[PDB]
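Asker: Give me the fold of what follows.
(one chain, ligands or ions: 3)
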Amino acid sequence: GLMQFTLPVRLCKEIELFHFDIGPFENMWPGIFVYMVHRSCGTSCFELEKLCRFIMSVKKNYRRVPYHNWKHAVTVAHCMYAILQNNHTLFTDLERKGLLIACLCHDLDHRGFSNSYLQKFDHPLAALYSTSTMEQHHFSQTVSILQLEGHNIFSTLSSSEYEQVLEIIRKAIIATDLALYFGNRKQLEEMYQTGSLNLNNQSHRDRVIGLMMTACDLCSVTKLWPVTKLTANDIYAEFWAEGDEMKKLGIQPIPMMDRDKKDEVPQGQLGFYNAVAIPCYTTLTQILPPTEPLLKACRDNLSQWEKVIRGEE
Ligand SMILES: Cn1cc(-c2ccccc2)nc1CCc1cccc2nccnc12
Ligand SMILES: [Mg+2]
Ligand SMILES: [Zn+2]
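Answerer: Numbers count the residues shown, from 1 in each chain. Ligands and ions are numbered 1, 2, ... in the order given. The structure is reproduced below:
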């Protein structure tokens with residue numbers, strides 16, 4: 001009850017900033033998450049024993065893959081913490097509760113393979129979930145862990161509040177399917193520009209939370225350059241292993257997943273910044289002005305990839 005989590009001074013200050021990196025000490029990440037819940041939600045949001053048990057069962061259900069691992073889960077939750085703390089009064093009590101949990105759980109039991117590889121392999125999950133295959137699985141794994149004995153962190157909510165928080169989590173996790181991002185952002189662009197965007201409209205709040213989820217999920221592009229650049233190594237280590245597995249099924253992978261085309265990474269990064277990342281943070285900044293530092297950091301990193309192409313690094 002009177003038991004706050006506290007961080008060393010450097011972490012206490014830098015965790016408030018969008019570009020914070022959670023460090024290489026895996027044993028500090030649970031404490032960092034509980035710290036973020038306590039400040040963004042409250043010390044009363046969750047029973048500490050139940051929250052601690054939930055966190056450790058979530059950790060156990062992330063795999064030892066290069067990128068889609070427990071460090072990614074906590075990194076994506078931190079970017080959501082920074083958005084929530086910079087937009088104090090815009091979000092409901094249930095949204096605060098649901099969204100950090102959603103971020104921690106959003107890639108549960110990821111195998112390091114895309115939806116497209118599961119469909120080509122004919123994985124059983126591709127028959128159970130025909131679209132957003134991995135994301136339906138991540139939500140299914142989240143409900144499983146919530147139903148373990150002593151893992152119900154939402155136990156104090158009414159039956160209808162419980163259904164509402166699980167619906168926030170489900171939509172927030174499905175929104176992390178990048179295939180769905182393009183259309184969501186275009187609709188938000190039109191709504192903002194014609195002045196029809198209304199944050200009391202539930203279907204509009206859903207779209208804005210979906211964009212927050214894309215923004216948090218892609219947040220490696222908003223870090224200091226050395227973090228951005230070293231995270232890109234882990235991203236491609238997964239993609240290139242998927243490309244190898246495409247070659248084993250007798251399918252030429254796309255260049256993004258073919259280790260033989262490593263030389264083209266710098267130009268592939270430019271495409272990605274221009275087609276996905278910069279548009280994401282641009283629309284997010286229009287809707288939520290205090291998220292502008294994410295956009296500024298993304299533009300700084302585009303400029304670094306442009307230097308790499310010019311042979312200036
Ligand atoms: C599009 N695209 C193409 C290529 C490419 C590379 C090599 C040869 C040919 C094409 N790389 C990307 C972006 C990779 C990428 C994908 C998803 C999330 C990412 N989040 C951060 C940084 N990158 C991310
Ligand atoms: Mg994912
Ligand atoms: Zn993710």
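Asker: Please count neighbours and contacts with C-alpha atoms only from this point.
Answerer: Noted.
Asker: Quick check: buried residues in the helix or strand residue 295 falls within?
Answerer: Using DSSP states H and E, residue 295 falls within helix 292-309. By neighbour count on 16 or more other Cα atoms under 10 Å, the buried set for helix 292-309 is 292-295, 297-302, 304-306.
Asker: Give the other helices and strands that that helix contacts.
Answerer: In terms of contacts (3 or more Cα pairs under 8 Å, 6 or more residues apart in numbering; DSSP states H and E), helix 292-309 is packed against helix 225-248, helix 265-272, helix 278-287.
Asker: List the buried residues of the longest one.
Answerer: So that's helix 225-248. Buried residues in helix 225-248 (16+ other Cα under 10 Å): 225, 228-229, 231-232, 236-246.
Asker: Dead centre of the chain: give me the residue that sits there.
Answerer: residue 217 (2.7 Å; Cα atoms, centre = their mean).
Asker: hmm, who's touching the helix holding residue 295?
Answerer: 18-19, 219, 221-225, 228, 266-267, 269-270, 273, 277-278, 281-282, 285, 313 (Cα atoms under 8 Å, 6 or more residues apart in numbering).
Asker: How about the residues of the protein by ligand 1?
Answerer: 218, 221, 232, 255, 256, 261, 262, 264, 265, 268, 269, 272 (Cα under 6 Å from any ligand atom).
Asker: and these, which two are the farthest apart?
Answerer: Put simply, by Cα to Cα the two of the residues of the chain next to ligand 1 set farthest apart are 218 and 261, 22.7 Å from each other.
Asker: Which one of the two is surrounded by more residues?
Answerer: Between residue 218 and residue 261, residue 218 has the larger neighbour count (other Cα atoms under 10 Å), namely 17 against 12.
Asker: returning to that earlier point: right, and the residue nearest to the centre of the chain touches residue 178 too?
Answerer: No. When contacts are counted by Cα atoms under 8 Å, residue 217 is not listed as touching residue 178 (9.5 Å).
Asker: From the chain's centroid, how far away is stretch 31-44?
Answerer: Mean-position distance between stretch 31-44 and its chain equals 18 Å (Cα atoms, centre = their mean, to the nearest Å).
Asker: Need the contact partners of that stretch.
Answerer: Against stretch 31-44 from outside (Cα under 8 Å, 6+ apart): 1, 4-7, 22, 45, 74, 77-78, 81, 84-85, 93, 96-97, 100.
Asker: and if we set it to 7 Å?
Answerer: Contacts to stretch 31-44, defined as Cα atoms under 7 Å, 6 or more residues apart in numbering, come from residues 5, 6, 74, 81, 84, 85, 96, 97.
Asker: What sits closest to residue 54 if chain neighbours are left out?
Answerer: Leaving aside its sequence neighbours, residue 54 sits nearest to residue 151 (Cα to Cα, 6 or more residues apart in numbering; 5.2 Å).
Asker: Please report how far residue 286 lies from residue 249.
Answerer: 44 Å (Cα to Cα, to the nearest Å).
Asker: cool, and residue 241?
Answerer: With Cα to Cα as the criterion, residue 241 and residue 249 are 13 Å apart.
Asker: cool, residue 82 as well?
Answerer: Counting by Cα to Cα - residue 82 and residue 249 are separated by 42 Å.
Asker: Between those two, which has more neighbouring residues?
Answerer: residue 82 (22 against 13).
Asker: Contact partners for that one?
Answerer: Here residue 82 is in contact with 16, 17, 18 (Cα under 7 Å, 6+ apart).
Asker: tell me the contacts of the first one?
Answerer: What that stands for is residue 16. Neighbours of residue 16 in contact, by Cα under 7 Å, 6+ apart: residue 82.
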